[PDB]
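A quick write-up on the structure given underneath.
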Amino acid sequence: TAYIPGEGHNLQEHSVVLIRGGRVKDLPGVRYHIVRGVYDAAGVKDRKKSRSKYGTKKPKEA
Amino acid sequence: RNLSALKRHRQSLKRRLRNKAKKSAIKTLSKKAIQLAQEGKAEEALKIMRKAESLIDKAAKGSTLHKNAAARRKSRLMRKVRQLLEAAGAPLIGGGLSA
Amino acid sequence: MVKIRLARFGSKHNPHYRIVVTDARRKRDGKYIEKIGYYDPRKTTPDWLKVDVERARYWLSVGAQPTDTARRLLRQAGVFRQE
Amino acid sequence: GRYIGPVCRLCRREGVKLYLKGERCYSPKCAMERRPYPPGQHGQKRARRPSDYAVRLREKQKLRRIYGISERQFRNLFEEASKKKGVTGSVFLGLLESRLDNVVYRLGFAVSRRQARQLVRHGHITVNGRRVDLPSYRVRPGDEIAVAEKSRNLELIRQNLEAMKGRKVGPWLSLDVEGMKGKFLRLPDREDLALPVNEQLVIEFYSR
Amino acid sequence: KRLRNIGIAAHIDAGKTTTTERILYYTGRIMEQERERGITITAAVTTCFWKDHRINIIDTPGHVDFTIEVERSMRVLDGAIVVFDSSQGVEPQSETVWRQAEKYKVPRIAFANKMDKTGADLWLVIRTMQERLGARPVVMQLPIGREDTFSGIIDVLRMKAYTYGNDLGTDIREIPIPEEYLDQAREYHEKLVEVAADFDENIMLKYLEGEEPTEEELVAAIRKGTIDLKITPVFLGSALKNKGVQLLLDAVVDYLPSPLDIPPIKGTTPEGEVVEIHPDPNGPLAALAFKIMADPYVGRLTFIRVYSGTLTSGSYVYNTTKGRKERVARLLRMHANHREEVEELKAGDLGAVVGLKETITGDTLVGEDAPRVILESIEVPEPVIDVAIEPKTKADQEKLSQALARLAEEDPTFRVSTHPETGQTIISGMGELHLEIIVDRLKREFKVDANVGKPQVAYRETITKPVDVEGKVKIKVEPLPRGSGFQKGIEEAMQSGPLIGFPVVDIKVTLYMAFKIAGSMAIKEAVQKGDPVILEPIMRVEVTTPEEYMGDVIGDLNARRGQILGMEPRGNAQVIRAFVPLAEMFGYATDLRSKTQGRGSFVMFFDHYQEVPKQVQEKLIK
RNA sequence: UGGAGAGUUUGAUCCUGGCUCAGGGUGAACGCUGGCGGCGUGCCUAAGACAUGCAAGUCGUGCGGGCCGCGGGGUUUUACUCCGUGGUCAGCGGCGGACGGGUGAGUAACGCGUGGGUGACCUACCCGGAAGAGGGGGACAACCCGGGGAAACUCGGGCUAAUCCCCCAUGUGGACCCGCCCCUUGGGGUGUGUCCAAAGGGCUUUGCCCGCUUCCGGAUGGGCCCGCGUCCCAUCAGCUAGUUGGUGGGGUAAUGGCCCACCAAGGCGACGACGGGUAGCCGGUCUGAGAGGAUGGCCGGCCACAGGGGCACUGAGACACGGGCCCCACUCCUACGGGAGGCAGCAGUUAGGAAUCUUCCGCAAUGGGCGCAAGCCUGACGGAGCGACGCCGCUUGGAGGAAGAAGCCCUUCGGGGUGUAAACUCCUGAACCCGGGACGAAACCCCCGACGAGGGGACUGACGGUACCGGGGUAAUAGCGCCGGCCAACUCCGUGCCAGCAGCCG
Ligand SMILES: Nc1nc2c(ncn2[C@@H]2O[C@H](COP(=O)(O)OP(=O)(O)CP(=O)(O)O)[C@@H](O)[C@H]2O)c(=O)[nH]1
Ligand SMILES: [Mg+2]
Ligand SMILES: [Mg+2]
Ligand SMILES: [Mg+2]
Ligand SMILES: [Mg+2]
Ligand SMILES: [Mg+2]
Ligand SMILES: [Mg+2]
Ligand SMILES: [Mg+2]
Ligand SMILES: [Mg+2]
Ligand SMILES: [Mg+2]
Ligand SMILES: [Mg+2]
Ligand SMILES: [Mg+2]
Ligand SMILES: [Mg+2]
Ligand SMILES: [Mg+2]
Ligand SMILES: [Mg+2]
Ligand SMILES: [Mg+2]
């Protein structure tokens, strides 16, 4: 099992995923994170601060 | 497809027969001599040894034997000839080996 | 046979050779018997060709062949001139 | 590198007047005079007493900001000082101060160290006759540091060498305002520079 | 440009692959389920030279299932040849390839092929060409023998005629027209000239005056008309039996456009403004990848058309369409028998590249350092049928999906998706025959064996009478209008219904850890006492059909448990709107195609849920 | 010239003690972002499978032929195609293909490291020295002929040349038995007996150049041996039949149970035999105050391997990476008769993977092979390309510019912050464009001298119209992480054990 970080996500039953390592002091037996922004894991929408975790492209300042 | 290391192969095969010939000859004669030395037939034992010696040395000339190898072959032949004879003996055909 | 030849050192666009004696069969940049000179084909410094003549002569006398390019450089430091 | 971006804003924060604009950071203006407090929404609040870390961070940052040098270049420069012979603190300054961009400022061919960088970098400076455009260039005892013959009469250079008639150039140096030549005589003694920097705390910064 | 890029497109089994195969032979004088199933499925470009003229040919498949292979050649090629089973006329998939040629503005000739077969009649083709697809055909030649004795071809225009002795194209050679046909010949020259009149005016005038114009200026006047897409020269022959093919090739070099004779295509710069791409070999590079192939022996092969510039082998280029830097590692030309590696590929030219890892069809390539323009590409189209796929034994699960990803990359009419409710992998294509060759491609090509089957449906449940209850606290539960909507304990037993276990919906709960367990046991009960009913997705469907078929189409919709909603025209045909349960809509596209002789289409969009016909449910508690 | 600690068990305390963090590092990978250059560096996984090209040849001054382009006239010339030379083609014969290049699978071992030993040995080409190169024969390809084949090509019969083979001679010398002297493991000498050599080619030719033979010495490279050093499990404690030793053989360059007969019953093991697991080893590298710990990609040295396994042949050397045989695995062509194949060479494809490049340029340099030489070959190599992968360097302006615009944030509604930051004035001038333009290349060769030394001449550049110099010349990319404590950096809003954060405390 693997944590899906970020507010909101788009993972479903055959979504392909990049696993990362890093556990979560809180979910037992979750030793891994999903790398947002890669394969079928979308970035995190509206994210503006820690954007490179959370795989979020730099938003346009039109 | 083709390299002419094929040549080197064609050639190895010729030499392989050439040396086979000289080598098997050297053993038939070396054997023959020790055999005769044991029967006590010293004129012909020494007679043959000389032939064997010649052929071994002849072989040292090119790739077939070389070196300490021929010398060794020779050494063991006359060590083995001289002694078998010596048990009966007298070195009749004074040829071949030192007084 | 054994050779007197240029081993490449220095760096990219910075050739600096060592004049070295070595079995012919080593790789060019490999182990070598003895160092005798060094050579910098671009003369970026005044001491750009050096050779230990009295050693090169030892090596020539025991049958080391020099490279064309090496010969040229030993000649130039008078390994070959005999008075 | 060289930062690029607001300066007499760390002329502040370090809380102590570096000289990043040369000429203005002398007017009733280096903001040290006006707003001698840190930038930002806070800055004029209760100062919380500094951690031992912050003490040194700041001291390190102070020195670095003075010369306009990247932290990678700085640490390198420093680690070199440490390996080098005798007092790491003093030596390290001497290496900072041996820099070309800074030598040029100490000669007053340029007003600010930023400026000196830009001058060096644009071919206007020459060391021992050949032209150098590497701010990081290390200047050695005995070097002639001049202004390029083609640059000799530029608006900025005459202004700046006009102000050098009058002034004394730091003891470890010589200057020839008429002919625009300078000589790096020896390495700067720890006292020759009145630096607002306890360099011993900078050594200690790099000890962690 | 001394260079002709031409597709061969036609109904199924009209003879394109054979035609092509003969073109490469004449121009030569100095494939798995395609076997099994007997069809063309993948087309490749191929070069040959006719009269010091470079001909690039794409032999296209006929089936709807592979429309994508036309929707593709019809882009990147400049001119088409449209074949006909002249014993059959214009068939429904001729109509299709035609309207595709229409939308890319593709100058074209026709080829009444199979003039040898029992029934084969040019006039069938001609009439039907005009009756069924609105075209203006122009008789450029005539035959010598009603079907069985079709022995030679009159060329009107040049007044000349050829007869073939064998069915081998090894004893051809000119003859004069015979006495008969000679009255028939004329009558077209003049009648071509009648038509050419509208193009040259020097012919217009020269017509009126009873003066037959010059051979070259007619050709130019015809050709001009072909390229303005107002005239469709018709040629005839038998590809099988080597009759009219050389003539056909001549006719390609006479009337079919060289890249200069067609508007150059358009693109969209990063700024945003449209712009034409000058077709200069020394301009920047712009180019369109239109096919990926996984080929041993060179690996991934990417076929491209160069519009502007000179694509030079051993460079880097930029896929503007997906912004990756790609490498042309070598460039390639497919001849009839071998593949020429070439150093470059200039404007107007097609080839294949190796290198190139990300680029797919429609994707645009430009120079390494060039104006990142994005070219008008290729056009979806959209899949009509879909099925659950799962492997017979899992572990093969990975092989299966890795493949479908490969395959959805080669061909973008094939999609893979995952039903969001029950996570089964849903595969979709352009027909039964499509999906069959895909599955039959997973076994042979990818060593993965799968089952296929109807997607199971997203059911719902609700109640049908209001209710009051005690959960041990009390609640009232009424229904609501179809499609309405809807404490934390109750939304939680809303998951599983009583009947099948799908979500409960469209109800109002009125209340009048500990709290949680009580709502959950209350509503769980309310739904039973409320006396429920299964709801099931209903799709709004609009199908499009020539009016011929309406009755039978509608009848079958009613037969699918539907409810028709109305019917308007859209252009030359007629639309029918209706609601039908998703369930009964399985394999609709291929039933529809049987009822409309492949002329119908349809689309489908979720609309609402609604209760069932009291037959299922029991037959659904199962 | 060298050494920092902090959070967390308690109501609180001290101690114990684990967990956790700050640092450095990497062949990296992934995310956001990305401007330049230099030097490095880039399949860590499937020692999986590989389309295609190239990676080892060269000598006509070893030899005889086929074909071609010429010169010079044969019947005057095309039909009998004749001499001379300059090309090409295989063949025969040499030297090279044992080096260079790849990889880390196996190997826990004299494999490696380190120091030694060989009276127990070898070393092609190179050098020094001595003495020869004198007689004769012969065959196999090429070539022609035929049978065979779809072809690959394959068999048979016959011709033939040489630096190919063979015999004979001379024996400077060498080998061998035996005896003698010295020496001391088989080292040096000596006597008689026996046994052993050789090849010619080219020129301007009674002289030069290249080769051939024997011996001695040198140099270089090797083989074999020994001391010591070389990971985890003892929940592996006993191991061993060529096993330990002897004798006599065989084998090899050479010692040796290396192999074989015979005899004896040994040999090894808690100082860890045997077994199982892991691993190529080192110079170094990373870390560390050090001692240590970890590692062994790149570069150098040694070893091993070349689809898996065995085997030998040729040879100075191989049990042979682009040589051979067989077995096995796998693939390819096929006319169904049979054939062919081995990227862990450079590129590249495909698969596996989080992930790793051009099917690039050039032999100008350095090095290698062959050649008298000219020169040929050289994916060694020198370069270019791609990748922020790494390190170093450089830019995105500089100086002026308000008690301080606007916007945006805070606000105790006076202000405060962004901020000299901008706007604005001057100044400079990355990129660009123009002109010029390298070093790296002087040898080999040629001429004088003697084809020595020494003097003189000629050719030669992939990178590259590149670096760099000169002249013009534009204000010209900035982003990423963090701001509860460790830890440098705080306010407002939204949110309300939800959404979410999280390395630990939380
Ligand atoms: N009598 C006759 N038959 C022909 C002729 N050309 C093709 N055919 C027949 O139709 C078959 C059509 O095969 P093909 O030529 O591949 O047609 P196609 O249209 O390419 C098939 P798809 O559309 O599936 O690719 C031929 O084998 C033959 O059976 C023709 O000239 N004369
Ligand atoms: Mg955060
Ligand atoms: Mg016998
Ligand atoms: Mg049909
Ligand atoms: Mg077809
Ligand atoms: Mg069919
Ligand atoms: Mg306790
Ligand atoms: Mg990017
Ligand atoms: Mg040892
Ligand atoms: Mg023995
Ligand atoms: Mg041997
Ligand atoms: Mg291993
Ligand atoms: Mg320590
Ligand atoms: Mg392999
Ligand atoms: Mg190979
Ligand atoms: Mg993959």
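Computed on the Cα atoms alone, the convex hull of chain E gives a volume of 207 cubic angstrom per residue. Ordered by the count of other Cβ atoms within 10 Å of each Cβ, fewest first, D:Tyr206, E:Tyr164 give D:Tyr206, E:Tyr164. What FRET efficiency comes out for the pair C:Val53/B:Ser98, r = Cβ-Cβ distance, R0 = 56 Å, nearest 0.05? So, using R0 = 56 Å, E works out to roughly 0.55. Inter-chain Cβ neighbour count for E:409-420, averaged per residue, equals 1 (cutoff 10 Å, partner chain atoms only). Centre-to-centre separation between the Cα atoms of the stretch E:81-110 and those of the stretch D:116-168: 79 Å. Over the C-alpha atoms of the protein assembly as shown, the Rg to Rh ratio, Rh being the Kirkwood estimate, stands at 1.14.
Taking label points 7 Å from Cα along the Cα-to-Cβ direction, D:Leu156 and E:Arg540 give a separation of 6.9 nm.
Here's how it looks for E:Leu332: its modeled amide H is under 5 Å from those of E:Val342, E:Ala352, which are all 5 or more places away or on a different chain.
As a length-normalised measure over Cα pairs under 8 Å and 6 or more apart, the relative contact order of chain A settles at 32 percent.
Given R₀ = 51 Å, FRET efficiency for D:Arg49-A:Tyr32 by Cβ-Cβ distance, to 0.05? Intermediate values should be presented prior to the final figure.
Values: r = 42 Å, r/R0 = 0.83.
Using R0 = 51 Å, I get an efficiency of 0.75.
Loop sites here are trypsin sites (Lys or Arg not before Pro) outside DSSP states H, G, I, E and B with no more than 13 other Cβ atoms within 10 Å. The longest part of chain C free of them is C:44-80.
Using a cutoff of 8 angstrom between alpha carbon atoms and counting only pairs six or more residues apart, the relative contact order for chain B works out to 32 percent. Farthest toward the positive end of the dipole of chain E, out of E:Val193, E:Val505, E:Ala388, is the Cα of E:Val505, where the dipole comes from beta carbon charges about the Cα centre. Each residue of the stretch C:10-15 is assigned a 3J(HN,Hα), and the resulting list reads x, 6, 4, 6, 8, x Hz, derived from the Karplus form 6.51 cos²θ - 1.76 cosθ + 1.60 (θ = phi - 60°), x at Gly and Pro. Less than 5 angstrom separates the built amide H of E:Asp59 from those of E:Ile8, E:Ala44, all sequence-distant by 5 or more or on a different chain. Amide H contacts for E:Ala161 (H built 1.01 Å from N in the peptide plane; partners 5 or more residues away or on another chain; cut-off under 5 Å): E:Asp155, E:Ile175, E:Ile177. Chain A: which chymotrypsin sites (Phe, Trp or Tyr not before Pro) are DSSP loop and have at most 15 other beta-carbon atoms within 10 angstrom? The qualifying sites are A:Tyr39. 3J(HN,Hα) along the stretch E:365-373: 10, 10, x, 3, 10, 8, x, 4, 8 Hz, from the Karplus curve 6.51 cos²θ - 1.76 cosθ + 1.60 with θ = phi - 60°, whole Hz, x for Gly and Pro.
Which entries in E:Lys266/E:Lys346; D:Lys60/D:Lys83; E:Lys16/E:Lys291; A:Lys25/E:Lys399; A:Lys25/E:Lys524 show an alpha-carbon gap greater than 24 Å? Distance filter (> 24 Å) returns A:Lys25/E:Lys399; A:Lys25/E:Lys524. Applying the criteria of a DSSP loop state and at most 14 other Cβ atoms within 10 Å to the trypsin sites (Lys or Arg not before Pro) of the stretch E:184-221 yields E:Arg186, E:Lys191. Take the alpha carbon atoms of the stretch E:480-544, find their center, do the same for the stretch D:100-114, and report the distance between the two centers in whole angstrom. Each part reduced to its Cα centre gives a spacing of 80 Å.
Among the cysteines of the protein assembly as shown, those with no neighbouring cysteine Cβ under 4.7 Å are E:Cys48.
Rounded to the nearest 0.05, what FRET efficiency is calculated for E:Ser377 and E:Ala44 with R0 set to 22 Å and r the Cβ-Cβ distance?
Efficiency, rounded to the nearest 0.05: 0.65.
Exposure proxy shown here: for E:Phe605, E:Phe290, D:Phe92, the number of other Cβ atoms within 10 Å sets the order, fewest to most, as E:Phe605, D:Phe92, E:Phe290.
Explain nothing, just the number: relative contact order of chain C, from Cα pairs under 8 Å at least 6 residues apart, as a whole percent. Relative contact order, chain C: 29 percent.
Among D:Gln115, D:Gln61, D:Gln44, the largest mean-square fluctuation in a Gaussian network model of chain D, built with springs joining Cα atoms closer than 10 Å, belongs to D:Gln44.
What is the fewest-to-most order of B:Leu3, D:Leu10 by other Cβ atoms lying within 10 Å of their Cβ?
B:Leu3, D:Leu10
Values quoted throughout were computed directly from the atomic coordinates according to the rules given, and no laboratory measurement underlies them. Counting neighbours? That spans all protein chains shown, and the Cβs are built from the backbone with ideal geometry, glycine included.
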